[PDB]
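There is one chain below, alone, in structure tokens, taken in the form deposited in one PDB entry.
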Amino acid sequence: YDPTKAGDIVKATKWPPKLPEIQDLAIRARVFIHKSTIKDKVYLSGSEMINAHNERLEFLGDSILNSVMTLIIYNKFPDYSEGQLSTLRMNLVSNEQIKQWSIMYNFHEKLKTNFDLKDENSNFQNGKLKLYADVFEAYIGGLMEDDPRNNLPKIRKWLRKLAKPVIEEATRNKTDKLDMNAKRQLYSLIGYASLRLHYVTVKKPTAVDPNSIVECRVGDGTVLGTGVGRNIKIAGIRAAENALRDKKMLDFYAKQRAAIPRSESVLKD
């Protein structure tokens, strides 16, 4: 219960959720040992290198991470499509996001590496800093390799706690639903071949402006509706619903159709 603008202003936070513990110190050490620390040691066999640094653990953890999030959202959104599910999952397992969770636990400060992590002129700083993500994944792998049976549920509980705010934030960022039949409806009411009733895309979605504008028009250019949306389909649907709401207008074109000989009526000319 932390409004943090009331009486909770300087009070200690219950965040981040308490980290599950890796009881094998051999393993706990290893999650934090980056390869730059290992592969330059000439007296080590390749086998000894692999069992030293964290790359195996990152691999295993990355799989558990993706697994646990995937069940989580599958259950929490029984009516989500696969694309919705897949897109939502991207926010949860992304580099930026895992990186964040990592810093939360100061894994970035505990990671043992061979080069200067704080150098701001280092070329490590204009890349993805994927290492910070890796060490977090490696922690999951360590927990799993340590005691897979007892620790998988603890990981579920833990990751569910980390995941909840990120989800709530994505789902917000309901109302009436789209009639997939609206364009049909309109054509039924006022439409005929010579009206050349058609849709025009005034704006196609772009990275800068992820929206679209569709105008519903008759042959002579008159706009009967405008709609705005995520893609051309949704926008067109919303244009139609716009046109369907203007009843004075509908009645006008319906009366017009009724007046045209079906000889001419049924032609695009």
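Each residue number is its position in the shown sequence, starting from 1. What we label the rigid core is the largest C-alpha set whose atoms superpose within 1.5 Å from one form to the other.
Participant: Relative to the deposited sequence, how many residues with no modelled coordinates occur between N75 and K76 (none, 1 to 3, 4 to 9, 10 or more)?
Facilitator: Gap between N75 and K76: none, chain continuous.
Participant: What stretch has the higher average Cα B-factor here, 19 to 27 or 247 to 255?
Facilitator: Averaged over C-alpha atoms, the B-factors run higher in 19 to 27.
Participant: Take the C-alpha B-factors listed in the entry for 201 to 209 and for 32 to 40, compute each mean, and give the stretch with the larger one.
Facilitator: Looking at the record's C-alpha B-factors, the answer is 201 to 209.
Participant: Could you tell me which one of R196, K174, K183, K130 shows the highest CA temperature factor in the PDB record?
Facilitator: The listed residue with the largest C-alpha B-factor is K174.
Participant: Considering only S94, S188, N121, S81, which residue's Cα atom bears the greatest B-factor as recorded?
Facilitator: Result of the comparison over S94, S188, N121, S81: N121.
Participant: Sorting by Cα B-factor within the chain, modelled residues only, which third would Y139 end up in: lowest, middle or highest?
Facilitator: Middle third, going by the recorded CA B-factors of the chain.
Participant: When the deposited Cα B-factors of this chain's modelled residues are ordered and cut into thirds, is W101 in the lowest, the middle or the highest one?
Facilitator: Middle third.
Participant: Which third of the chain holds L85 when residues are ordered by C-alpha B factor: lowest, middle or highest?
Facilitator: Tercile = lowest for this residue's CA B-factor.
The same protein also has a form deposited in another entry, omitted here; what follows describes it.
Participant: After a rigid core superposition, would you say the CA of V228 moves by 2 angstroms or more between this form and the one not shown, or not?
Facilitator: Yes, because once the rigid core is superposed, the C-alpha of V228 moves 2 Å or more between this form and the one not shown.
Participant: Once you line up the core, how about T206: does its CA shift reach 2 Å between this form and the one not shown?
Facilitator: Shift of 2 Å or more: yes.
Participant: Take the rigid core as the frame of reference and indicate whether the C-alpha of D24 shifts by 2 Å or more between this form and the one not shown.
Facilitator: Comparing the forms between this form and the one not shown, which are aligned on their rigid core, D24 does not shift its C-alpha by 2 Å or more.
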